*Asks:* 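Got a structure here, written out as structure tokens. Questions coming.
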2 protein chains.
Amino acid sequence: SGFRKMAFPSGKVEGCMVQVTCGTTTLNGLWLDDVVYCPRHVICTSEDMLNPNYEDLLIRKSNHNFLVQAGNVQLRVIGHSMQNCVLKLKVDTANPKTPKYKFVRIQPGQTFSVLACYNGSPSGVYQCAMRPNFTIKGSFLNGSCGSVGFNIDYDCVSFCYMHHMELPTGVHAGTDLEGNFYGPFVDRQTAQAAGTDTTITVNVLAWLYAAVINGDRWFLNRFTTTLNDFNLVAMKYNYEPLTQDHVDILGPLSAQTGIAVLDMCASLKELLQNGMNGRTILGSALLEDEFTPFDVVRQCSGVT
Amino acid sequence: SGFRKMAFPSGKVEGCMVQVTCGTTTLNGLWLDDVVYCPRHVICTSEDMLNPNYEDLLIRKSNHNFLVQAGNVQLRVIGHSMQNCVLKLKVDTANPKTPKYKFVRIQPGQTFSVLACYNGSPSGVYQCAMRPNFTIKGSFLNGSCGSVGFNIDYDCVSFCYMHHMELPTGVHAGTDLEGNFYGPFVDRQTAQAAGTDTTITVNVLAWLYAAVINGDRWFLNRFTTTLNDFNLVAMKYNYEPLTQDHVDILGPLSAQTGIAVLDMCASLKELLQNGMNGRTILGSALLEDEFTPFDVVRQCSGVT
Ligand SMILES: O=C(NCCc1ccncc1)c1ccccc1F
Ligand SMILES: O=C(NCCc1ccncc1)c1ccccc1F
């Protein structure tokens with residue numbers, strides 16, 4: 001009973017966080033096996049960040065210029081390389097707390113947990129989604145770069161995000177753990193405007209199913225619709241188009257509630273057209289879109 | 001930049017979660033030093049729960065009837081006792097992962113992190129508040145009892161909540177780690193209705209300060225008020241009375257923004273009277289009350 005914005009337990013990731021300092025810049029690194037991953041902008045002065053040539057700046061850096069601290073113990077850097085927008089610092093000690101892990105590149109609308117860190121130390125954990133414009137709406141201050149986003153599948157941590165920057169609009173951009181930015185963003189202090197932050201329709205529908213499972217049912221109506229009709233309304237309200245693939249993904253929730261996906265679409269259509277009228281769904285006055293169908297099933301079934 | 005509902009990192013608590021089985025009932029226990037704490041209702045059949053005499057039911061239980069499993073290793077129970085509504089199972093092995101800890105009894109309006117567990121295994125972490133009616137709005141399924149609520153102060157875990165039950169209205173009740181229920185609730189399957197779930201005014205004001213710090217400023221108005229005038233409006237809207245103690249607690253946020261507490265009260269008064277008019281504050285269409293002033297300062301300053 002009840003439905004919360006829920007993060008994965010963070011312990012397995014806490015065991016991987018280190019501090020990386022290059023000159024006067026301190027941020028976070030991820031220590032897996034004998035490699036520490038961090039944003040390549042650790043090598044930049046705030047001045048460098050206006051138009052950095054990373055290959056040229058990196059030539060001036062030696063292994064001994066990368067200070068890596070795990071708790072209050074220094075790690076020995078025996079190699080460094082740049083992969084896209086991350087540095088890989090090879091250290092002489094494998095992290096003894098390395099969990100089973102994968103690097104995965106997520107799609108827009110997929111959710112993940114962020115372990116916000118400063119100076120290699122965990123401050124908090126929260127749940128994010130990759131937005132359709134490839135931003136995330138995080139909570140990050142100076143020093144949080146290198147904080148990571150992840151999912152867990154029982155005992156395997158899938159790392160999907162590393163924090164790199166804040167856009168002038170206070171939204172966040174970063175990379176996968178291969179160093180490739182999500183979306184069109186670059187690690188330079190320049191004009192980078194985000195595109196339309198559309199609503200993740202399939203996630204909203206998942207969350208309406210979660211609401212019905214948890215006894216919030218007032219928005220259920222007498223109507224149905226078609227994908228094409230629903231999509232006309234979605235487009236008007238800057239919702240993502242719903243595909244048959246999304247309908248298929250919602251099948252288990254439909255079966256759990258006995259509410260046909262297209263009937264739930266017709267409920268969502270009325271909520272878009274009519275508003276909430278001062279009512280709430282699962283404690284929200286807006287339609288929540290940062291739960292995936294998989295998240296709803298996981299939280300409604302108590303997976304560990 | 002940005003502001004998220006943020007939980008404490010959970011690793012230190014993950015290291016304390018065990019499974020407790022008595023007959024056919026499995027739930028979670030908290031293993032600190034050589035004691036495992038769990039809800040006393042572990043000894044009840046669902047039938048027992050209608051009118052349990054816990055002293056009488058416990059007479060039929062021996063140490064060897066309490067099965068305690070830490071990961072896939074059995075712990076040896078060498079003593080048991082009932083303290084209020086918790087059992088303390090003395091085991092022959094001190095938890096090697098025991099963090100620095102305290103047991104604290106929180107006040108209504110105080111927030112904490114919950115590590116939701118099943119079979120002694122962590123499923124997720126989320127942020128809660130003790131409601132003014134001494135319920136919490138959690139996310140708990142069968143098997144989640146004994147899951148705990150906590151705060152961290154650097155390296156010391158203050159445990160404040162252990163999950164015991166779900167009211168017919170789908171809200172949650174539990175104890176401190178001395179086994180005393182929050183509010184009037186009992187560990188019996190009976191008629192237990194919650195009182196008014198009033199809004200935690202001081203937390204709303206904290207969150208409006210968080211909003212201004214993070215650039216959401218549209219709701220700032222030209223007005224001020226007095227505690228007495230504000231309180232007339234609070235009472236009308238089922239908000240908690242604001243006290244001078246709350247004004248004093250908001251002092252650092254007032255100083256950080258240069259917005260007098262009573263000016264922010266006048267902004268909140270207009271939001272109550274006028275509504276949001278389809279606008280959002282920090283991604284919310286309602287006034288959020290599960291961030292304390294301490295939470296806002298912590299998240300806005302990046303404490304680890
Ligand atoms: O440090 C600052 N801004 C960068 C914050 C940031 C957030 C998220 N990810 C990366 C970096 C700052 C501090 C004080 C005053 C003005 C500022 F601009
Ligand atoms: O197991 C059930 N309900 C108790 C859940 C619960 C939640 C939170 N804290 C303690 C207990 C249940 C399962 C299937 C059908 C009907 C039910 F009632």
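Side chains included, hydrogens not; waters and symmetry mates left out as well; all remaining heavy atoms used. Chain identifiers are assigned alphabetically (A, B, ...) following the order of the sequence lines, protein sequences preceding nucleic acid strands; residue numbering begins at 1 within each chain.
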*Asks:* Would you mind telling me which of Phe103(B), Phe112(B), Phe150(B) makes a side chain to side chain contact (heavy atoms under 4.5 Å, CB included) with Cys160(B)?
*Replies:* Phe112(B)
*Asks:* Could you check whether the rings of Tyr182(A) and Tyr161(A) sit parallel, tilted or perpendicular, using 30° and 60° as the cut-offs?
*Replies:* parallel
*Asks:* Roughly how far, to the nearest 0.5 Å, is the SG atom of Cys265(A) from the OH atom of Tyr239(A)?
*Replies:* 11.5 Å
*Asks:* Quick check: closest heavy atoms across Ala206(B) and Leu253(B), and the distance to 0.1 Å?
*Replies:* CA-CD1, 4.0 Å
*Asks:* Just checking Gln256(A): does its CD atom have more than 12 heavy atoms from other residues, nucleotides or ligands closer to it than 6.0 angstrom?
*Replies:* no
*Asks:* State, with a plain yes or no, whether a side-chain heavy atom of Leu167(A) is found less than 4.5 Å away from one of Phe185(A).
*Replies:* yes
*Asks:* Could you name each residue pair satisfying salt bridge (charged side-chain N to carboxylate O under 4.0 Å, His left out) that touches residues 225-236 of chain B, not counting sequence neighbours?
*Replies:* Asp229(B)-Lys269(B)
*Asks:* Quick one: pull up OG1 in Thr243(B) and CG in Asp248(B) and give me the separation to the nearest 0.5 Å.
*Replies:* 8.0 Å
*Asks:* Would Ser10(A) and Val125(B) count as a side-chain contact (heavy atoms from CB on, under 4.5 Å) if you check the C-alpha gap in whole Å, the side-chain angles of each, and the deciding distance to 0.1 Å?
*Replies:* CA-CA 8 Å; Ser10(A) 61; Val125(B) 65; 5.8 Å; no
*Asks:* Of all the heavy-atom pairs spanning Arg105(B) and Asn180(B), show the shortest one and how long it is.
*Replies:* NH1-O, 3.1 Å
*Asks:* Could you check whether any side-chain N or O of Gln299(B) sits under 3.5 Å from a backbone N or O of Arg4(B), counting only pairs where one atom can act as donor and the other as acceptor?
*Replies:* yes
*Asks:* Let me confirm one number: the NZ-CD distance from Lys12(B) to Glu14(B), rounded to the nearest 0.5 Å.
*Replies:* 11.5 Å
*Asks:* Just wondering, do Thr201(B) and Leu268(B) contact through their side chains at under 4.5 Å, heavy atoms?
*Replies:* yes
*Asks:* Is there a donor in the side chain of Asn238(B) and an acceptor in the side chain of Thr198(B), or the other way round, less than 3.5 Å apart?
*Replies:* no
*Asks:* Return the CD to OG1 distance between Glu166(A) and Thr135(A), rounded to the nearest 0.5 Å.
*Replies:* 13.0 Å
*Asks:* Do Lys5(B) and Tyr126(A) meet the cation-pi criteria used here (NZ or CZ under 6.0 Å from the six-membered ring centre, within 45° of the axis)?
*Replies:* no
*Asks:* Go through the steps to decide whether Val104(B) and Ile106(B) satisfy the test side-chain contact (heavy atoms from CB on, under 4.5 Å), and finish with yes or no.
*Replies:* CA-CA 6 Å; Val104(B) 303; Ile106(B) 61 170; 4.3 Å; yes
*Asks:* Judged by atom type as modelled, is there a donor-acceptor pair below 3.5 Å linking the side chain of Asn231(B) to the main-chain atoms of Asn228(B)?
*Replies:* no
*Asks:* Are the side chain of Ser113(B) and the backbone N or O of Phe8(B) linked by a donor-acceptor pair below 3.5 Å?
*Replies:* yes
*Asks:* Walk me through whether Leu227(A) and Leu262(A) qualify under side-chain contact (heavy atoms from CB on, under 4.5 Å).
*Replies:* CA-CA 7 Å; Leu227(A) 271 185; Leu262(A) 286 179; 4.2 Å; yes
*Asks:* Taking the side chain as every heavy atom from C-beta outward, state whether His164(B) and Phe181(B) have any pair of such atoms under 4.5 Å apart.
*Replies:* yes
*Asks:* Working to the nearest 0.5 Å, report the span between CG of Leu282(B) and CG of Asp216(B).
*Replies:* 5.0 Å
*Asks:* Within the distance-only criterion (no hydrogens, no angle test), does the side chain of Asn214(B) pair as donor or acceptor with the backbone N or O of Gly2(B) below 3.5 angstrom?
*Replies:* yes
*Asks:* Rounded to the nearest 0.5 Å, how far apart are CE of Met130(A) and CD1 of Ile136(A)?
*Replies:* 6.0 Å
*Asks:* Within a strict 4.5 Å, meaning less than it, do heavy atoms of the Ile200(B) and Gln110(B) side chains meet?
*Replies:* no
*Asks:* Testing the basics here: between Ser147(A) and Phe140(A), what is the closest heavy-atom pair and its distance to 0.1 Å?
*Replies:* CB-CE2, 4.1 Å
*Asks:* Determine the minimum heavy-atom distance between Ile249(A) and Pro252(A), stating which atoms define it.
*Replies:* O-CD, 3.4 Å
*Asks:* Is it the case that the side chain of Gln192(B) and the backbone of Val186(B) share a donor-acceptor pair, with hydrogens and angles ignored and the cut-off at 3.5 Å?
*Replies:* yes
*Asks:* Would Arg298(B) and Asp153(B) count as a salt bridge (charged side-chain N to carboxylate O under 4.0 Å, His left out) if you check the C-alpha gap in whole Å, the side-chain angles of each, and the deciding distance to 0.1 Å?
*Replies:* CA-CA 11 Å; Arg298(B) 186 186 308 108; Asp153(B) 189 339; over 6 Å; no
*Asks:* Is any side-chain heavy atom of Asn203(B) closer than 4.5 Å to one of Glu290(B)?
*Replies:* no
*Asks:* Quick check: does any side chain N or O of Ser144(A) sit under 3.5 Å from a backbone N or O of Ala116(A), one acting as donor and the other as acceptor?
*Replies:* no
*Asks:* Check whether any side-chain N or O of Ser254(A) sits under 3.5 Å from a backbone N or O of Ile259(A) as a donor-acceptor pair, and report yes or no.
*Replies:* yes
*Asks:* Considering only heavy atoms from C-beta outward, does the side chain of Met264(B) approach that of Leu220(B) to under 4.5 Å?
*Replies:* yes
*Asks:* List the steps, then state whether side-chain contact (heavy atoms from CB on, under 4.5 Å) holds for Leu242(B) with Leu205(B).
*Replies:* CA-CA 10 Å; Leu242(B) 196 69; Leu205(B) 286 168; 3.6 Å; yes
*Asks:* Got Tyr237(B) and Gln273(B) here, is their nearest side-chain heavy-atom distance under 4.5 Å?
*Replies:* yes
*Asks:* Keeping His172(B) on the side-chain end and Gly138(B) on the backbone end, is there a donor-acceptor pair under 3.5 Å?
*Replies:* yes
*Asks:* Count the heavy atoms of every other residue, nucleotide or ligand shown that sit under 6.0 Å from CZ of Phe294(A), and state whether that count exceeds 12.
*Replies:* no
*Asks:* If every non-hydrogen atom of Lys137(A) is compared with every non-hydrogen atom of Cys128(A), which pair is closest and at what distance?
*Replies:* O-SG, 3.8 Å
*Asks:* Out of the candidates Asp263(A), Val212(A), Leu208(A), only one should pair with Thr257(A) under the side chain to side chain contact (heavy atoms under 4.5 Å, CB included) rule; please name it.
*Replies:* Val212(A)
*Asks:* Which atom names give the shortest non-hydrogen contact between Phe159(B) and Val13(B), and what distance separates them?
*Replies:* CE2-CG2, 4.0 Å
*Asks:* Would a distance-only check, ignoring hydrogens and angles, find a side-chain to backbone donor-acceptor pair under 3.5 Å from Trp218(B) to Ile281(B)?
*Replies:* no
*Asks:* Taking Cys117(B)'s backbone N and O only, do any of them form a donor-acceptor pair with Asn28(B)'s side chain (distance below 3.5 Å, no angle check)?
*Replies:* yes
*Asks:* Do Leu272(B) and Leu287(B) come within less than 4.5 Å of each other through their side chains, counting heavy atoms only?
*Replies:* yes
